[PDB]
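Inside the fold
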Amino acid sequence: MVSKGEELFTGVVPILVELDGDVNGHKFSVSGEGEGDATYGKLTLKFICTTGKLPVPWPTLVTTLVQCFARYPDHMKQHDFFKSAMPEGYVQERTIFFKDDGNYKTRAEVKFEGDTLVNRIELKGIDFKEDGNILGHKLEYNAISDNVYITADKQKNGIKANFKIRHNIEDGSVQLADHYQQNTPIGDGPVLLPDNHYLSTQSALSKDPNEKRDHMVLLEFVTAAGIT
């Protein structure tokens, strides 16, 4: 046997992302479009700041801007909460603590609208330093890679996750971003509550040479692991 949510992901699925943000009162919006192919754990996305200049570095928004596209190995498919919640979807919440700086709090709803997987997000950032690495734009436009450690959250019928992102600073140092995550289903049907495991995630950041708006191109791979 297969299992209902996971059938929505056997091919290439269009993705739409919409974010409204406010970081220390600097308001902005981002839209994104692209495709995901969970068979290969593969995401291709392009994001645009629709309000003008992005007031934070693009790399700091990657994790916020669809883990339902992870490739779960066959032997791990009973541990894929994300697809099991579809098409109704899930709420994904985070707190992202930037070491020696402010924090983002995010709330997103990830669900299908027809054949399109949509991620709608609100982001609120507070306590940032005006000349710190974030509001001062001191982070290199560089890839991020790390492991998302997932555990069951029986009490919300969902999952929690934790991970670290170590963003390179232009001086050669590192800006740590400690992520704490919770996901809860939107619908009332059965979902898969996983054993402990992780998502190995690699995001490559680039620019479209023909694009004059403030933007980010991503190529991302996401693979579940940690259960032999």
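Rules used in this analysis
- Residues numbered from 1 in each chain as written, not as in the entry; some residues may be left out.
- Heavy atoms only, no water.
- Residues with missing side-chain atoms left out of burial classes, pairs and counts.
- UniProt positions renumbered as here; feature names shortened; annotations may be inferred.
- Helix = DSSP H or I, 4+ residues; strand = E, 2+ residues; numbered from the N terminus.
- Rg over C-alpha atoms; globule rule 2.2 N^0.38 Å.
- Buried < 20%, exposed > 50% of the residue type's maximum accessible area, 1.4 Å probe, protein only.
- Pairing = 2+ DSSP bridges.
- Axes fitted to C-alpha atoms, helices over the stretch in contact; angles between N-to-C directions.
- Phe/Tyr/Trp six-rings, centres within 6.5 Å; stacked < 30°, edge-to-face > 60°.
- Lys NZ or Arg CZ within 6 Å of the ring centre and 35° of its normal.
- Core = buried A, V, L, I, M, F, W, Y, C linked by side-chain atoms within 4.5 Å.
- Contact = heavy atoms within 4.5 Å.
- Salt bridge = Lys/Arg side-chain N within 4 Å of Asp/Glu carboxyl O.
- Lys, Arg positive; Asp, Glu negative; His and termini not counted.
- Polar contact = N/O pair within 3.5 Å; in protein donor to acceptor, adjacent residues only side chain to side chain.

- In terms of determination method and resolution, the entry is listed under X-ray crystallography at 1.02 Å.

- The name the PDB entry gives the protein is Green fluorescent protein, with Aequorea victoria as the organism.
- Under the UniProt heading Subunit, the note attached to the protein is "Monomer."

**Some details on the overall build of the protein**
- From N to C terminus, the protein includes one helix and eleven strands.
- Ordering the α and β elements of the protein from the N terminus gives β-β-β-α-β-β-β-β-β-β-β-β.
- The C-alpha radius of gyration of the protein comes to 17 Å, within 12% of the 17 Å expected for a compact globule of 228 residues.
- Along the three orthogonal principal directions, the C-alpha set of the protein runs to about 55 × 35 × 30 Å.

**What to know about the pairing of strand β10 (residues 197–206)**
- Alternating residues of β10 divide into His197, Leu199, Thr201, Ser203 and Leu205, all buried, and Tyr198, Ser200, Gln202, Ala204 and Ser206, none buried.
- Looking at chain direction, β10 and strand β11 (residues 215–225) are connected through nine bridges and run antiparallel. Paired with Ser206 across the strands is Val217, a residue of β11.

**Thoughts on the sheet that holds β11**
- Spatially, β1-β2-β3-β11-β10-β7-β8-β9-β4-β5-β6 is the arrangement adopted by the eleven strands of the closed barrel, whose pairing is mixed. Each strand of the sheet is rotated relative to its neighbour by a mean of 20°, with strand direction disregarded.
- Where strand β7 (residues 144–153) meets strand β8 (residues 158–168), five bridges bridge the pair, whose relative direction is antiparallel. Directly across from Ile150, in β8, lies its bridge partner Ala161.

**Let's talk about the packing of aromatic side chains**
- A complete count under the given rule lists ten aromatic pairs for this structure.
- Relative to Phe82, the ring of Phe81 lies with its centre 6.0 Å away and its plane at 75°, an arrangement referred to as edge-to-face.
- The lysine or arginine in question, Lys83, covers the ring of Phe9, its NZ or CZ lying 5.5 Å from the ring centre.
- It is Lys207 that lies over the ring of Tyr141; its NZ or CZ is 3.9 Å from the centre.

**Some points on the nonpolar core**
- By size, the foremost hydrophobic cluster in this structure holds 57 residues, and its most contacted members are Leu65, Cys68, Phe69 and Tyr104.
- Of all the elements, strand β1 (residues 13–23) adds the most residues to this core, at five residues.
- Beyond its immediate chain neighbours, meaning those up to four positions away, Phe69 contacts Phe9, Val13, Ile15, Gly36, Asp37, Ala38, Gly41, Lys42, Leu43, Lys83, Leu117 and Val222.

**What about the pattern of salt bridges?**
- Scanning the model with the defined rule gives ten salt bridges in all.
- Of the charged contacts, one joins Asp208 and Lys46 as a salt bridge, the two residues approaching to 2.9 Å between their closest N and O atoms.
- Owing to a relative accessible area of 24%, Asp208 belongs among the partly exposed residues under this scheme.
- Of the charged contacts, one joins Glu211 and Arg213 as a salt bridge, the two residues approaching to 2.8 Å between their closest N and O atoms.
- Given a relative accessible area of 48%, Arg213 falls into the partly exposed group.
- The network of salt bridges with common partners includes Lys46, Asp208, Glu211 and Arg213.

**Considering the side chain of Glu220**
- The residue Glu220 is located in strand β11 in this model.
- Despite its burial, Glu220 pairs with no opposite charge; the closest candidate is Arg94, at 8.6 Å N-O.
- Within the structure, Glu220 has its side chain in polar contact with the side chain of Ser203 (distance 2.5 Å).
- Not counting chain neighbours up to four residues away, the residues in contact with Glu220 comprise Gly41, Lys42, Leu43, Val62, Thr201, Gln202 and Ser203.

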